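So that you can map any letter, position 114 of the sequence shown is 226 in the entry's author numbering, and since no number is skipped, the others follow by simple counting.
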Amino acid sequence: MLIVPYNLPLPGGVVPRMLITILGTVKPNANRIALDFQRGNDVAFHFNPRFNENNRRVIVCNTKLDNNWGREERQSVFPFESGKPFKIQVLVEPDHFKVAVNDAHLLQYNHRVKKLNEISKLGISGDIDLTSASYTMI
Ligand SMILES: CO[C@@H]1O[C@H](CO)[C@H](O)[C@H](OC(=O)c2ccc(C)cc2)[C@@H]1OC(=O)c1cccc([N+](=O)[O-])c1
Ligand SMILES: [Cl-]
Ligand SMILES: [Cl-]
């Protein structure tokens, strides 16, 4: 595998046309996954599948500025399953991050942090076996 939590440096930050691909398998009895796109201590984009929030499955997205979480954005479409292999693709577009799972569009998240070239690391964490994490310019 890779060791989770896993840091993927994003050299010179993110830019439109940058595609991040994450391959892994969800652990049995998973509780959470998190992708954290970081600008130093700030989290520009937190993508957080929650397998059992009051017996519901929900993806929580948010931004952390100066250690404070903002307004959450919630999605009820939940393509992940305990025990099963997934592919997450995060495409940086001008106005938003665009997320697909298993080749199907899931959600978009408007840029709240504006200094895209300072979003210099991706943290991958949670209840997964992480196979690979990479980027390409499309
Ligand atoms: C108000 O709740 C917070 O919401 C944030 C997003 O708006 C983050 O998701 C926080 O979590 C972390 O930053 C965080 C969590 C764990 C670690 C190890 C590191 C960082 C925290 O999550 C929970 O409260 C929460 C409540 C119930 C369930 C879950 N979950 O992820 O399943 C999260
Ligand atoms: Cl590793
Ligand atoms: Cl900013």
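Where a beta carbon is used, it is the ideal one built from N, C-alpha and C, also for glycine.
| Cβ contact (3+ pairs, closer than 8 Å) linking the stretch 124-131 and the stretch 211-221 | They do not touch, by the three-pair rule.
| request: Kindly indicate which three-state DSSP category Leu228 falls into: helix, strand or coil? | output: Residue state, collapsed to three classes: helix.
| said: Let me check one thing: in DSSP terms, what residues is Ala216 bridge-paired to? | reply: Answer by DSSP bridge pairing, in chain order: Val213.
| Cβ distance (whole Å) where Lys199 is taken to contact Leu135 below 8 Å | Yes, they are in contact, since the Cβ atoms of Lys199 and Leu135 sit about 6 Å apart, within 8 Å.
| message | Buried or exposed, going by whether 16 or more other CB atoms sit within 10 Å of the CB of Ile236? | response | Answer is buried; the Cβ neighbour count reaches 16.
| request: Determine which residues share a DSSP beta bridge with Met113 and list them. | output: Paired residues: none, contrary to the question.
| Per DSSP, what kind of secondary structure is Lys196 in: helix, strand or coil? | Per DSSP, reduced to three states, the secondary structure at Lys196 is coil, with no helix or strand assignment.
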